[PDB]
Amino acid sequence: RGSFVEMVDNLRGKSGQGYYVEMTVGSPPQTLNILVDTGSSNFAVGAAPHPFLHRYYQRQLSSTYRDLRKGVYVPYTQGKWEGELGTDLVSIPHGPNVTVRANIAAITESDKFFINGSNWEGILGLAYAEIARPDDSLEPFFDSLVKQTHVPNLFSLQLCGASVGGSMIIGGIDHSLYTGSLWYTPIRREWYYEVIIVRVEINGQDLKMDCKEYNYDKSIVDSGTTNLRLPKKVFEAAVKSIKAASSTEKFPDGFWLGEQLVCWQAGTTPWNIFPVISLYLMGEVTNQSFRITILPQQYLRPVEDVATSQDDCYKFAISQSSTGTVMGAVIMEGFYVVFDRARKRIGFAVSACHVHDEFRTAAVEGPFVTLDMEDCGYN
Ligand SMILES: C[C@H]1SC(N)=N[C@](C)(c2cc(NC(=O)c3cnc(OCF)cn3)ccc2F)[C@H]1F
């Protein structure tokens with residue numbers, strides 16, 4: 001129940017292009033690389049020869065393909081996909097030894113969806129039915145997986161920060177992927193992986209904001225987002241505090257707003273000048289919280305694709321949000337994250353693969369006594 005050597009290192013990717021798992025669709029099996037995405041609920045795959053695609057789902061080749069005779073148009077704030085809904089046989093070669101009949105959205109037109117130069121051709125939406133397109137009757141993949149097999153209602157993600165990697169442990173926890181203890185936060189509601197942030201610290205210095213701001217209008221765990229995204233006010237106070245803590249060196253305003261990169265000579269990054277960032281999360285027990293702490297090496301992420309610079313260039317990967325807090329790859333790269341769906345909870349433990357230096361490490365610590373944690377949730 002605690003060692004899944006088969007599924008260790010089943011995630012690949014490129015920096016800033018996300019984390020993908022190999023998947024097969026149809027009979028005979030068609031291999032596809034699929035973005036692992038805890039911030040959506042559709043299993044959506046390229047099904048037409050978009051020029052950026054390495055491969056695509058060819059329904060005509062699958063004898064087990066069934067048509068639901070229903071389309072879906074999915075817009076985002078920037079970009080879209082449109083698909084045809086059907087079902088087919090789906091398996092995960094480096095996952096559990098099973099085959100599932102799952103909903104597939106066959107992507108027939110898209111815009112700013114696929115990444116030019118990326119090595120994935122679809123998205124595996126791991127969140128719940130409530131946010132599935134077009135509605136909650138379109139059963140997400142993981143629900144079908146759990147319903148149809150004896151795979152436990154749990155998956156865990158170790159996201160390791162040009163090549164990235166890690167593990168998606170399907171049906172369990174691999175103890176070699178973390179150090180110390182897992183600490184669990186409740187899933188507030190089963191739509192996104194919603195959580196409640198209870199306290200925020202920059203280098204141990206509390207932001208002293210009304211904790212309702214931290215979760216305005218929600219906080220989510222999202223492997224499909226690069227940044228730690230913060231509500232506008234929280235971002236402002238956080239940046240003011242990060243500025244103060246790092247005032248040893250001055251940086252342009254546009255860097256903090258993600259409008260410019262900032263570059264240093266190779267190996268000459270002042271990591272120690274930048275603060276740690278701590279998020280206190282609601283614990284399992286009344287008045288009990290725990291704290292997750294990330295490093296500058298999580299939120300100041302390298303931009304390798306700069307043709308106009310011979311130096312080491314970085315993006316400030318904490319940005320403002322109007323959809324609430326998004327604990328993206330910036331958070332998740334620090335931690336082994338257990339999506340304990342059976343128990344409506346998310347476990348955090350320090351990642352065995354997280355990027356750190358000789359002085360500071362990412363941390364998961366508790367218990368702490370935090371009162372009025374329920375007031376932090378926005379209604
Ligand atoms: C608005 C988005 S947010 C979300 N969770 N999921 C959706 C389906 C979505 C996500 C993405 N992700 C990425 O490209 C990406 C890149 N780098 C990452 O980490 C560092 F490597 C993580 N993810 C691409 C297209 C998408 F459509 C959309 F809903």
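Taken together, the values in this text are just the output of simple stated rules run on the coordinates, not laboratory data. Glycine also receives a Cβ, built like all others from the backbone with ideal geometry; neighbour counts cover every protein chain displayed.
Data table
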| item | result |
| --- | --- |
| Cβ crowding within 10 Å averaged over residues, with 138-145, 67-74, 192-199 ranked highest first | 192-199, 138-145, 67-74 |
| Two-decimal log10 I(q)/I(0) for the chain, as the Debye equation yields it once each C-alpha is a single scatterer, q = 0.09, 0.14, 0.15 Å⁻¹ | -0.51, -1.24, -1.39 |
| Dipole of the chain, positive direction: furthest Cα of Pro28, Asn203, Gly161, with charges on the beta-carbon | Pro28 |
| Relative contact order (%) - criterion: Cα under 8 Å, at least six apart; region: the range 19-151 | 32 percent |
| Estimated dipole of the chain in Debye, rounded to 20 [Cβ of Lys and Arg +1, of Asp and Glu -1, Cα centre] | 360 debye |
| Check: the range 19-151 dipole with +1 on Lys, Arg Cβ and -1 on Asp, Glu Cβ, in debye | 240 debye |
| Pairwise Cα inverse-distance average, inverted: Kirkwood Rh of the range 125-183 (Å) | 13.5 Å |
| Quotient of Cα Rg and 2.2 N^0.38 Å for the range 19-151, N being how many residues it contains | 0.95 |
| Members of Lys243/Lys315; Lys112/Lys218; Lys208/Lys240; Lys112/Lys212; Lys112/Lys232; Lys232/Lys315 lying beyond 23 Å, as alpha-carbon distances in this model show | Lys112/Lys218; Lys112/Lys212; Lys112/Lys232 |
| Range of Cα positions in the range 189-299 per principal axis (Å), largest first | 47, 28, 25 |
| Share, in percent, of DSSP beta bridges within the chain that are antiparallel, nearest 5 | 85 percent |
| Taking the range 278-365 and dividing mean pair separation by its residue count, relative contact order in percent (alpha carbons under 8 Å, at least six apart) | 29 percent |
| Local net charge near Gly366, Cβ-Cβ under 11 Å (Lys/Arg +1, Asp/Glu -1) | -1 |
| Principal axis dimensions, largest first and in whole angstrom, of the range 1-80 by Cα | 41, 36, 26 |
